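Convention: sequence-line order gives letters A, B, ...; per-chain numbering from 1. We use all heavy atoms of the structure for the numbers below, so side chains are in, but hydrogens, waters and symmetry mates are not.
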Amino acid sequence: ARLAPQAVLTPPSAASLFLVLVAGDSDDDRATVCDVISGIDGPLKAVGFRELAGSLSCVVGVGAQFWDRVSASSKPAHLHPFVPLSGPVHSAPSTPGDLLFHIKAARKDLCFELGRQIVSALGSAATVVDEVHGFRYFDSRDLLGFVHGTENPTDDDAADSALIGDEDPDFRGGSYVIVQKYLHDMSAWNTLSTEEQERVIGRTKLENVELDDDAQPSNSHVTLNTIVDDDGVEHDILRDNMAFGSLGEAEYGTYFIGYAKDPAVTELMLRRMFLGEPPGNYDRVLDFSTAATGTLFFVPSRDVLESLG
Amino acid sequence: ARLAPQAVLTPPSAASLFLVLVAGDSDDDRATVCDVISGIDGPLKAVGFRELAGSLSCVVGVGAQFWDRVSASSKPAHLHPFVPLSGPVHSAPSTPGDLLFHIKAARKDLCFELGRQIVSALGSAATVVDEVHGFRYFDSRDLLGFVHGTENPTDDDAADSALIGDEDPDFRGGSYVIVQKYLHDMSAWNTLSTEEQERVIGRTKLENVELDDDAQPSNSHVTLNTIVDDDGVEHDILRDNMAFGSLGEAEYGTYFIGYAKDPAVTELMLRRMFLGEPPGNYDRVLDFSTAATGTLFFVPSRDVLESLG
Amino acid sequence: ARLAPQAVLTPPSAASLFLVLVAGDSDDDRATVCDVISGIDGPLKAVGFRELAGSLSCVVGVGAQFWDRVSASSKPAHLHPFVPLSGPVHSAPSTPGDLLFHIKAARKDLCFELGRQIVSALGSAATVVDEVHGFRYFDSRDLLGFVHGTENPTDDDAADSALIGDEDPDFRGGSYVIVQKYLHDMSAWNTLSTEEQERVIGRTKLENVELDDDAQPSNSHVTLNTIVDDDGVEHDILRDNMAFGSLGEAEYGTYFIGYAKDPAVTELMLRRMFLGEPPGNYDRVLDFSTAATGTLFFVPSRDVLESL
Amino acid sequence: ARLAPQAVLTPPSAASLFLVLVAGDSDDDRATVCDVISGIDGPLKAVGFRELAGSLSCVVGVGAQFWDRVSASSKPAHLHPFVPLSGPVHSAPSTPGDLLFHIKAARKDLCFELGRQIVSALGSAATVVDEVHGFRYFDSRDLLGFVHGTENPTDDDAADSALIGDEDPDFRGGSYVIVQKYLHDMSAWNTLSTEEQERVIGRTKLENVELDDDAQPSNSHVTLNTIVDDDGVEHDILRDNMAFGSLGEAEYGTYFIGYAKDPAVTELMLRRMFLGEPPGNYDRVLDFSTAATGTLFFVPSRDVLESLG
Amino acid sequence: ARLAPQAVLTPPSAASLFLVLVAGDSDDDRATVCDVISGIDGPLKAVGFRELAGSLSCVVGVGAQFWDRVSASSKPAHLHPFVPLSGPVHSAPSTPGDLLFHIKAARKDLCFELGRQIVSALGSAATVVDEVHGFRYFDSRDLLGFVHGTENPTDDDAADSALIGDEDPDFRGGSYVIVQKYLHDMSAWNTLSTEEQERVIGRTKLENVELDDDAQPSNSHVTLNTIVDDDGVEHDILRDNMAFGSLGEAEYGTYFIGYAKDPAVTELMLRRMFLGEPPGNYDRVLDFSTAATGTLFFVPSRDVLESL
Amino acid sequence: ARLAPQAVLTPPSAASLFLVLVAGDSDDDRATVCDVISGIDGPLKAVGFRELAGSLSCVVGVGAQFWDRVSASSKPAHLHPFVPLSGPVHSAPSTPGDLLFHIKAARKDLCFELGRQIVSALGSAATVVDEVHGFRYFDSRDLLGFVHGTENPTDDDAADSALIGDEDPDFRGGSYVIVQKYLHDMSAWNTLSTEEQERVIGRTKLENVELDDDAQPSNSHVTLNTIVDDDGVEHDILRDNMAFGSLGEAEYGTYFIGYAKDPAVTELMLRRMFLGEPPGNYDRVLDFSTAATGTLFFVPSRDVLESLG
Ligand code: HEM
Ligand code: HEM
Ligand code: HEM
Ligand code: HEM
Ligand SMILES: [Cl-]
Ligand SMILES: [Cl-]
Ligand SMILES: [Cl-]
Ligand SMILES: [Cl-]
Ligand SMILES: [Cl-]
Ligand SMILES: [Cl-]
Ligand SMILES: [Cl-]
Ligand SMILES: [Cl-]
Ligand SMILES: [Cl-]
Ligand SMILES: [Cl-]
Ligand SMILES: [Cl-]
Ligand SMILES: [Cl-]
């Protein structure tokens, strides 16, 4: 699916740009924003076409509140600001964001150039609050050294987990995406043994194998993020997490980003993670990673997005 | 997608070959031609299979006059010869051709080999009247220095624009293609400032950004080739342009090739370019580009192509 | 179709791994195997996700005897063991196999790693009975020197040819696969002239162009493997052949692997090849190639495989 | 020349890491530094070997002052701190730096990982003052849109321009490198026409051709950076400049980095640029770019560097 | 050897461009040409730097007549115009050329762009007299179907073969290049059996293995092009052949281009090919290939080229 | 470098083939062998030329016994059969082989094709006694999961370590190579913690970092294979390890192959590994790895190889 915006289902890339913006209270501002994002197809092709492979993609996310400024008329069944969490040890803040631009490509320059043109076309009408330059780290690993994104759904499985279906027909082909910008305590994670780290995660480190059911801690990241309803049905998200970092500031990050046809799934995951399940039995990953952002966006289908204003 | 004839929707390639032939007068000649083109999947796979990536493709087009020689009592709704245009200084001639082979691949040798096997199969039953070896020029630029194919529709939109549908069910999935071989006057074009060149096209040169409405001349290539009907519905074509040339003869060219479900769109674009809108307000690209050919072909779907005879 | 088990329609790859296993008798053996093959997407993603390109695929086949051991309740219409053929000169043995893993990827390491993990997970519950490491040879050639896979159906035609549809709706999206490990007599092949070899195959050698009607012998590999029904409709199979071998043991091989929605098409190709058409008019390719194995498997869709 | 440190002559890469550090006044600090950099070969191979292509390289630079802390005994003929410049309009500061790590590879992750291991092995013994993540921007361009690095010397020509020869035999195979972290005024550069910009640079923008001798401004960047002595001999540097940037902070950068067997050449270039020649006739590039750092380092041959402490 | 003019020893490329030009009579023409070719590294870097890989190369040759126009003062030992050969069946014409640009790169666009810039810079001062766009054909084949360039010397042997050394120290690091544009009779070639073609060339076709001593005809292309001196030392040239052609004009070509430190080696290969060894025993390759051009050029080192 | 026999210094490859053969007793057999190996550049180019990149290489090695059959009155200074070792629990057997072909390429088919042409040329004059198809395993790891070839010397150091020099001028540019086919016990090795595995090797598993001296056991693979003489001069070998295996027979292997200008270094390494230092303090890798072969070969330079006969 080449150079079409709102392509939620794109495979992993070598490079990422994650841009979060807030819109000006102004009224021109509101409309300048709407021009840019309703015609996002323009800059996407403008940059993307310059690469033979056409690996460039761009998913636009709109915050719950800014959504009301440009379409009170109609509303996705499950749009809202990010539910903040305050558990026993660890907390997930709900930080601000009106616009999300999730940008992926085989090269940095392509990412940066798209971002540059999006930012420039918005001018004073919007301000960047968060900017992450994501990158592939070896054989699909996070900076914690684990293969990261393994159990993502694929193909038909993935469209079903991520894209709005018959259950909210006005926004079919849409999605809800939550981002969280995690920073890691490298020195603390390093005092653990590989085997302790594996227990924290749920999978072997080098080989990326899932631990047997009998050796699988009930507060391993994998168990906490497994969702099974009362009828026995699993519910999945699609995650496009990328590494990022700065050596001098000593930040080592996993940029979380998950898409689902219903954020309830992503939110239950986050609750099970921060509050724990049974309560207090939280996700040990949180001991070594602190979320610095937390934002929810609606991802309009291509039709819906081209309709704005 | 993979090694199948009449794949009209293929992404851009690094190499292409455009062959235009005229069929012999005889009944033998007509039968040989029908054999070769209805069996086109043979040569296609025979060559294409030798490349792991499977990049090779071949779209066969048939001219209006040859179509009536072979399928008298069934005819796509809009098949007619290319309609020539005569402006005051610039003209679009209508030049011979019964067959088009539009061949694309990631490598020259593949395009060439297929062309060779095709020409060999037709033997004396057809004559090449035009042959162009297309190449990608840097970051998808034409020889005028502009990124070229940017606003091509993609994915679903491409299918809607290019492929015959419910209007003409007997030929669903076919298309209509028009070629024109343009030669540029590089001297004249170089005497223009970059900014003037950008005004001719309708986009910035290096950065490939559309000029905003208020800097966008009414006779820009972009403006004149934007087609909106009374209902306010935009109509697009699919373009597979490639650069070509010969240093010794001083030929620096752009092979135009456009696909449309209805050639009325392509024709309207052409007459806006050549005759202006308002009248006299013609496309300044034509001050720098001269068409040496103009042929229209019907592109049958696979099923229809295989039935010929 | 990324990292999805039972992706029958994958394009050709640089590397592949063909694993044939016999399952143990015990009910525990039957259960371990079923647990492993039903969660096959686990290892497939555990290794496949590690490659940016996502080229890794894995198709699981199940033999007739073993299927009857896990789902006596419902059977695919055409599942039976491979049918031995015994012709005027050559024979196609029917050999054991309860499980097939047909693994493909852009790199050997990925194939090997998936195999390792699969075999480790099966433990004592199964035994590797045939193992062959296929590799692409120049411009899609086999070790006989011919471009090999040319006339595979593609896209819709491939799906129509290989995938089970309305004819057996309980097993929709599945397939039937037949494998045969062939070994060549290279010296005998080399005493033929190129033109002779071209007549055996049905296509020119370097340029991979089909011989025209009148230069085609009646017993050419191509002619014999052309299946046209009484209404004039051709019936195709999907072949993922790879080369293999061992220089020290002087083994130069072609691993035949053919998928079809109805294996009778594949079976008819085999009969016409081994017994000949008309009879005695057998495929001269068999004068240079000897199949060491012969096994038929049913390829369950994801849904059916997942619920085994 | 694979995975050897102090490989000054490596071809351009897709990715860069530029790290500048200051050493602690301490004495352990001094020796921890010396372990790390004298055995730089260790981490270089440790990371580098993990990529089949072995594109990873790392040139270690030592500041004039820290050099005296670890080798008073012997000194390169031309080592000193960066000469700051204070011209009519524009100024080049001399900022601090003891250690330079110039890291190049085909991938980001390789760069980042090497940096991460270098930083971690230094611990409290050193502090990052400057960190630039350089990237290739299209067809070897800077963010000003010009092809950047064109006239670099190559092969034998490049070894002669950059590496210390018979003229200082104790440090044969060494080099002197100057870095400057330039930030651009995008909006101002954009108010220029392409043709004005070309006049500023010395070359055509899209085509990267050098302007004719008669149309070549005497204060074009090219003329100012051309060095010809009294006998008619040209003297060149080797430059490994990379783009870098941040969208939210609105910085758009060229990271300058030049190597020479004698910094006098680089320093004359900088003087001609900032002071102008004739004086006051300075480099118009400076109107659109401000140097935020300015540092000189000695680049020890592999032998000399392995000898430290 | 990155973006350096006169890189004679570059490995094979996917694309190349062969430009032959005749210079104008005027002293201004002579000067413009000299300015352009002497600053050739300008355009070479102007386009070549734009590709990360740096695959672009450009070798400049100068004909004998034109050299005498710019440096009557000093001459390379072996520079003369190409010597026409007129044999019992075939002939090698000697055709005009003052300048050769032998351009190679991984992409056509780079070759084309370098050519464009060069030709633009020469303006009215020169005229393109032959232009051919070479391209790699499958696994290093020519349009006759044979792997083509196999026995090129490499590394030191290549430098010893191609580069001028102690024998003529004034032009050290230079070379002598001969080009001939050959066109094939494809139909005639196709009436030969593969074995017949193999005997013409001297090597097996698909597998590119040299025929042994006793199966080698005396007039095989390989045999005739083997140059052994009286001390038993072989003498090699460096050939950067590429395929080219035009389907409409039915042109299927091999562009011959051969470098040697002493062109007499190349010349002796030509005589032995066209007149045969023993005489009349000519190279049967010439029964299927006709040279449309024939030009010799001296390839100055960078230093000498830079000072022209 | 390019398609030349005896290129000992080639960088790592994705595929390799190690063939070890025994020559026939006859004078015919000895002559055929001499023809094939002195003409090795034939097959090398015949296969290697078919790949644009020219990755294919072939290093021919000759055993001590066969050397005396063919070159009685000239002999490299240190050519002798492999010296077997017998430790208390682990042994290095000495196994037959007159010829080694060590073949590397970017693709299996190339290695295979060369092997095939070589075996075909020797016909009945030689028998294969060992054949191993090497493959790269992820990011240059062996089947034990460790990055493998890290501390291999590069560039000039590699030449100094691997290639015979002024010590033995008659054979300058030759080398001595030793092969051993090791099979691992994967069960035993898996029962170890990552940290224990790291202590066995001498480097961290995932990150491939050398353990600092104070955590580095005296019997680590790294420690035991570090060779420093009385003068304090380090002695290195060049290793071209590759993974190999068969799932069905449960073979998971490491093909050791080391090149040295003097096999005394390789032998000293081996006896430190197998017999310990101090005595009994053997390499724990051997608890998990068992050598099935052990053969030493002289690698003649090109000039010497071509002279055989
Ligand atoms: C010398 C011949 C031509 C040249 C150099 C040329 C060049 C370009 C360029 C540079 C663009 C902007 C990038 C892009 O979207 O492709 C463009 C757009 C376009 N051109 Fe052409 N073109 C040529 C002929 C034609 C012809 C003959 C037609 C129609 C019959 C045509 C139709 C279009 C259309 C439909 C677009 C997209 C306009 C939009 O919706 O933004 N072009 N062309
Ligand atoms: C030693 C084993 C075999 C070899 C070396 C071999 C070789 C070839 C070659 C060179 C072709 C032509 C290129 C192509 O279209 O793939 C071909 C075609 C084909 N082969 Fe095989 N083959 C073997 C076994 C088989 C077997 C066992 C079957 C059936 C069970 C089979 C069925 C087919 C079919 C259906 C085609 C396509 C023919 C057409 O419709 O044009 N092959 N084979
Ligand atoms: C139509 C023109 C030609 C064709 C199609 C052709 C084809 C071939 C082929 C297939 C080979 C064997 C593979 C190889 O080693 O490159 C070869 C070898 C060779 N050719 Fe040509 N060639 C042509 C013209 C020439 C000319 C004009 C010369 C001399 C001026 C020449 C000199 C050589 C040499 C020196 C070899 C290497 C022979 C050896 O030592 O094994 N070729 N050619
Ligand atoms: C089962 C067999 C072997 C395995 C799995 C193995 C594995 C390794 C590993 C993982 C390393 C660290 C990375 C590197 O620098 O390569 C290493 C280093 C090394 N190994 Fe081995 N090795 C094996 C056999 C041998 C043998 C038989 C020798 C010597 C005869 C040897 C000599 C060396 C040397 C010289 C180093 C570099 C040590 C240093 O200076 O840091 N290895 N090996
Ligand atoms: Cl970015
Ligand atoms: Cl995640
Ligand atoms: Cl072509
Ligand atoms: Cl267009
Ligand atoms: Cl495998
Ligand atoms: Cl087959
Ligand atoms: Cl970095
Ligand atoms: Cl610069
Ligand atoms: Cl060209
Ligand atoms: Cl040749
Ligand atoms: Cl192999
Ligand atoms: Cl080792």
Side-chain angles (χ1 to χ4, degrees), chain A residues 1 4-18 55 57-62 76 78-79 82 100-105 132 134 136 140 142 146-165 167-168 171-182 202-203 208 210 221-222 224-229 233-243 254-270 272-273 294-302 305, chain C residues 1-5 41-42 44-46 48-50 52 54 302:
Chain A
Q6 317 309 97
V8 149
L9 307 166
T10 59
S13 63
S16 251
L17 177 57
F18 300 112
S55 62
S57 68
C58 180
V59 176
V60 183
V62 177
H78 291 113
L79 182 50
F82 174 86
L100 172 66
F101 298 104
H102 175 199
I103 296 163
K104 287 164 85 179
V132 171
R136 189 177 151 79
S140 327
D142 48 44
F146 277 75
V147 179
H148 194 162
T150 304
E151 269 290 320
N152 264 327
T154 46
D155 306 326
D156 275 345
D157 235 68
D160 298 352
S161 294
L163 300 185
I164 299 159
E167 80 291 332
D168 187 15
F171 308 93
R172 198 195 312 279
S175 195
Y176 306 85
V177 68
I178 294 178
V179 314
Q180 296 183 106
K181 171 195 177 165
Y182 289 94
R203 317 183 68 88
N208 177 43
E210 175 160 284
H221 183 97
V222 167
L224 295 189
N225 288 125
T226 298
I227 302 301
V228 191
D229 67 32
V233 202
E234 213 196 297
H235 296 255
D236 284 291
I237 59 170
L238 180 67
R239 308 162 286 116
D240 283 37
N241 311 2
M242 294 292 272
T254 296
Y255 197 89
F256 173 85
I257 171 155
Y259 292 87
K261 67 173 175 211
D262 190 341
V265 179
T266 316
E267 279 160 4
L268 180 48
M269 269 161 181
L270 280 167
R272 279 174 144 252
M273 269 173 63
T295 321
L296 202 154
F297 312 81
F298 175 62
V299 170
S301 68
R302 190 150 59 255
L305 173 67
Chain C
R2 145 181 275 259
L3 313 172
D41 75 307
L44 175 57
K45 287 183 178 170
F49 193 78
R50 279 171 78 185
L52 176 64
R302 279 195 279 300

For a 4.5 angstrom cut-off between non-hydrogen side-chain atoms, does [X] reach [Y]?
X	Y	answer
A/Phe297	A/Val59	no
C/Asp41	C/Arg302	no
C/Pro5	C/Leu44	yes
A/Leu270	A/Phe82	yes
A/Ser16	A/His102	yes
A/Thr295	A/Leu100	no

Quick one: side-chain hydrogen bond (donor to acceptor under 3.5 Å, both in side chains) pairs with a partner in residues 172-181 of chain A, sequence neighbours left out?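 Those involving residues 172-181 of chain A are A/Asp130-A/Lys181, A/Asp166-A/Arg172, A/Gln180-A/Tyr182.
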Pairs where residues 148-157 of chain A contributes a residue and the test side-chain hydrogen bond (donor to acceptor under 3.5 Å, both in side chains) is met, not counting sequence neighbours: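 Sorted result for residues 148-157 of chain A: A/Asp142-A/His148, A/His148-A/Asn241, A/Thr150-A/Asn208.
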Nearest non-hydrogen partners of [X] and [Y], listed with the distance:
X	Y	answer
A/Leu163	A/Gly173	CD2-O, 3.8 Å
A/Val222	A/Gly202	CG2-CA, 3.9 Å
A/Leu238	A/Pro153	CD1-O, 3.8 Å
A/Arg136	A/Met242	N-CE, 3.6 Å
C/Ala46	A/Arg203	CB-NH2, 4.1 Å
A/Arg272	A/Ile227	CD-CD1, 3.8 Å

side-chain hydrogen bond (donor to acceptor under 3.5 Å, both in side chains) partners of [X], counting only residues at least two apart:
X	value
A/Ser301	none
C/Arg2	none
A/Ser55	A/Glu51
A/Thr266	none

Would you confirm whether A/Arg239, through its side chain, and A/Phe256, through its main-chain N or O, come within 3.5 Å as a donor-acceptor pair?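 No, A/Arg239 side chain to A/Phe256 backbone: no donor-acceptor pair under 3.5 Å.
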Please determine which of A/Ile257, A/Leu296, A/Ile237 meets the side chain to side chain contact (heavy atoms under 4.5 Å, CB included) test together with A/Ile178.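 Result for side chain to side chain contact (heavy atoms under 4.5 Å, CB included) with A/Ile178: A/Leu296.
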Using the ring of each side chain (for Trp, its six-membered ring), is A/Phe18 parallel, tilted or perpendicular to A/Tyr255, with breaks at 30° and 60°?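 Correct class here is parallel.
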So how far is it from A/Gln6 CD to A/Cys58 SG, rounded to the nearest 0.5 Å?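 Those atoms lie 7.0 Å apart.
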